[PDB]
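We begin with a single chain expressed as structure tokens, specifically the form deposited in one PDB entry.
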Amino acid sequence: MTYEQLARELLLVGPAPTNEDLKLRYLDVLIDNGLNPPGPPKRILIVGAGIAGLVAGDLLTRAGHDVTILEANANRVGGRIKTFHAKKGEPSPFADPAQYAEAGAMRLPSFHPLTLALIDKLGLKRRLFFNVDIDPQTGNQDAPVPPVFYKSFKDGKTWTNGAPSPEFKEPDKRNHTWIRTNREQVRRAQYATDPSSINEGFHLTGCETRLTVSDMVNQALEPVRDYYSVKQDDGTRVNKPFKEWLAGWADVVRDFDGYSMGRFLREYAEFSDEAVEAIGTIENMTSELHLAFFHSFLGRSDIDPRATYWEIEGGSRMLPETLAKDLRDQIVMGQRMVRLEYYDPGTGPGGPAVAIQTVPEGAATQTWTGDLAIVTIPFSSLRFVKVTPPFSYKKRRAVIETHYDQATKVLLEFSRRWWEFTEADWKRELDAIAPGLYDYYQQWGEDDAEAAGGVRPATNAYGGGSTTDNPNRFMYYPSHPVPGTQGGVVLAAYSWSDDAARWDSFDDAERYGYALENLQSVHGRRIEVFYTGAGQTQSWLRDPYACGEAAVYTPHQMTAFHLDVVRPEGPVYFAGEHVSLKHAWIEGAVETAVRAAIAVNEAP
């Protein structure tokens, strides 16, 4: 009110006095029971065949309703879940036809139970996603995968997917990947023990030099966490009682939504400009500084985002495609919504309540009618749709003003996994190709020029990723090799906002040359030997169906109209990543999709 209702939307708390944990509700519907009870059968139109439209479409189809899912894309479902894999007719995206890589979603955390449990329910195998590079000679991933476990704020209630897996063990993290800033290059393990050398590269002085950018961030967020939490002597934090925990989060909204992350680190935490430059570079907050503090704080209110990540065997595309198998009659491809007409008594009486006119991608027009509608397309895409009658004023402003972040990924295929090589592996692998080739690159050295002469050391890393200040910014290595293959696809460039704005000023074929050179600036020129020449890129700002990476609020935007983002417009409901407060996560879309399916199922 308004802050308390925002905190309820954030923490998934039902209305008073019950204060129901909506996460438990969503798990009961999505996994355990379904839509109980099945409401009056309705004709339901669903716009968009991403994970939100598919989750809601599956749930409502199995509940008895007559569902039609209109999808603008002509060949592919899943939306922002896109995997570069070899389709049957098409040529393969890479040289090795078995190689694949992600254009969108790639890692799924353990604290997102809906998405993980949905993956298991559909019978998909999931492996560990190595967010930090690991020791491949540790842990036990041959054991059955541990079940999905969620702990609720409500009393001591929990939710579990299956029997525990005591022999499954995560491999030990190495932190042997690189951090190359200001023409100097160390390893994450060395930066943790002595951050002084790198921090001085950002012209830091005094106490901030002997602190890692990670610790600096967490120390600054401690007084904010004190609103809803209590720091223990363990270093662990426990949440305050529900009354003071809900009011504590509501005070974070009141006192910090008007802050950007940059203004927070500069004025509230009193960090130097040099400290922010170092933090934003190594921790990926440069191009998020001018965006809302709350957006950045939400992913990282955890003080151990050292948790478990997962990825699907065969690609993230397995999740939406498996759902699409149970929706063959419902999914209509190649139909883009251009006109949304609905009837709000608060297309007329006695007739259909919702009329959607589509245009073939890319009959002249088709009109789809129904009783209720679920629009799961991004607001950057809804912006070009004509509507009658007008939505509520505050939602219209939400569709107009919602900032949509930019994101571009550049993928380079390699015939060998050179990032796992030791220096001895380099000597053998290069000479095997041609005698004397190893010594040849030793004498050649490294280019002094860098977009930010001794041969770079061997990376020798399994999974994880390296950070740099050249346009590539972040470079992820595959967590698991494709069996029967010898190569792998490196995520050579991955950035957001202004950093991504650099890449999406060029075309796709113009991206591979720069990304390889900037990859050599960190790992060495000699990696060019194993480059197959095949590359893939995905600019989400320039995708006609996504029109951006994800909804990312600027300061105060959430307080202004987010409570109006979720509110239905008569017979028109809204789901998707932008409707939740878990922006740019699959879980946020699955949350609002299940939430929308519940509301439309029991509608009068």
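Position 1 is the first residue in the sequence shown; the rest follow in order. Only residues modelled in both forms are compared. Take the two forms, superpose them, and find the largest set of C-alpha atoms that agree within 1.5 Å; that set is the rigid core.
One more form of this protein exists, namely the form deposited in another entry; it is left out here, but the text below deals with it.
Residue showing a CA shift of 2 Å or more between the shown form and the other one (rigid core superposed; candidates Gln185, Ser301, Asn131, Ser380): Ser301. In a rigid-core overlay of the protein, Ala163 has its C-alpha displaced by under 2 Å between the shown form and the other one. The Cα position of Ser152 differs by less than 2 Å between the shown form and the other one after fitting on the rigid core. Remark: with the core as the superposition reference, the CA shift of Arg502 between the shown form and the other one reaches 2 Å or more. In that other deposited form, the Cα-Cα separation between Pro305 and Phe294 grows by 3 Å or more relative to the displayed conformation. Between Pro305 and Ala192, the Cα spacing is smaller in that other deposited form than in the shown form, differing by no less than 3 Å. Segments of at least three consecutive residues in which every Cα is displaced by 2 Å or more between the shown form and the other one, once the core is aligned, are found at 299-306, 496-510.
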